[PDB]
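Taking it in order: structure first as structure tokens, then the write-up.
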Amino acid sequence: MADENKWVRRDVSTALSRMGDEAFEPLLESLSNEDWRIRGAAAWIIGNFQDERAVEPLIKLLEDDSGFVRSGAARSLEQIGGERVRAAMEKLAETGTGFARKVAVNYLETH
């Protein structure tokens, strides 16, 4: 059962409920959903993993300005914190517009 994955659907039954891996993709899937309400939560939890798969989402999202989908990407950075996302805000700082800008600029204050 691999030494890197001991937990799996243990007492769980949903997707994002508790997987820490198996829900990573279903999470990435919502990024293509036509609905903004669902696409939001995805971006909101995507940063909680601190992975490259969460880096891109914030890039496009912070530009979507779809509110839940956009604002969600912003908070994702602060969640990760580090040089990784430090490049994400740098990419948004180049296209910094409105609130989307304050996101990158103010965020880097904590790396």
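Read-outs: derived from the displayed coordinates by stated rules, not from any lab. Here the Cβ positions follow ideal geometry from the backbone for every residue, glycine too, while neighbour counts run over all protein chains shown.
HN-Hα J couplings of region 48-56 from phi, Karplus 6.51/-1.76/1.60, θ = phi - 60°, integer Hz, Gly and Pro as x?
With coefficients 6.51, -1.76 and 1.60, one gets 5, 9, 6, 10, 5, 5, 9, 5, 4 Hz.
Most exposed first by the Cβ proxy, i.e. fewest other Cβ within 10 Å, how do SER71, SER76, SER32 rank?
Least crowded to most crowded, the residues run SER32, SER71, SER76.
If you place +1 on the Cβ of every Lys and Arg, -1 on the Cβ of every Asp and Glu, and leave all else neutral, what size is the dipole of region 1-54 about its Cα centre, to the nearest 20 Debye?
240
With a ≥ b ≥ c the root eigenvalues of the C-alpha gyration tensor of region 35-81, is it rounded (a/c under 1.5), prolate (a/b larger than b/c) or oblate?
prolate
What residue among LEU77, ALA100, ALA87 has its Cα farthest toward the positive end of the dipole of region 67-110, where the charges are +1 on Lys, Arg and -1 on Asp, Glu, each on the Cβ?
In region 67-110, that residue is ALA100.
At most 16 other Cβ atoms within 10 Å and a DSSP loop assignment: could you name the GluC sites (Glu not before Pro) in region 52-111 that fit?
Answer in residue order: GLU94.
Need one word for region 23-111: rounded, prolate or oblate. Basis is the Cα gyration tensor (sqrt eigenvalues a ≥ b ≥ c); a/c below 1.5 gives rounded, then a/b vs b/c decides.
It comes out oblate by the Cα gyration axes.
Taking the Cα centre as origin and putting +1 on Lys and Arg beta-carbons and -1 on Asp and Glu beta-carbons, what dipole magnitude results for the chain, to the nearest 20 debye?
That gives a dipole near 320 debye.
Add -39500 (n - 2.57) for each DSSP H run of 4 or more in the chain, then divide by its residues: what number comes out at 222 nm, to the nearest 500 deg cm²/dmol?
That calculation yields -16500 deg cm²/dmol at 222 nm.
Under the definition of Cα pairs under 8 Å and six or more residues apart, what whole-number percent is the relative contact order of the chain?
18
Using the Cβ atoms and a cut-off under 11 Å, what net charge is assigned to the surroundings of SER30, where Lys and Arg are +1 and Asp and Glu are -1?
Taking every Cβ under 11 Å from that of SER30, the sum is -2.
Using θ = phi - 60° and the Karplus curve 6.51 cos²θ - 1.76 cosθ + 1.60, what whole-Hz ³J(HN,Hα) does each residue of region 16-31 get, with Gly and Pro shown as x?
Taking θ as phi minus 60°, the curve returns 7, 3, 5, 9, x, 5, 5, 9, 5, 5, x, 6, 5, 5, 4, 5 Hz for region 16-31.
Quick one: 3J(HN,Hα) in Hz for region 95-100, Karplus 6.51/-1.76/1.60 with θ = phi - 60°, rounded, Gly and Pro as x.
10, x, 9, x, 5, 3
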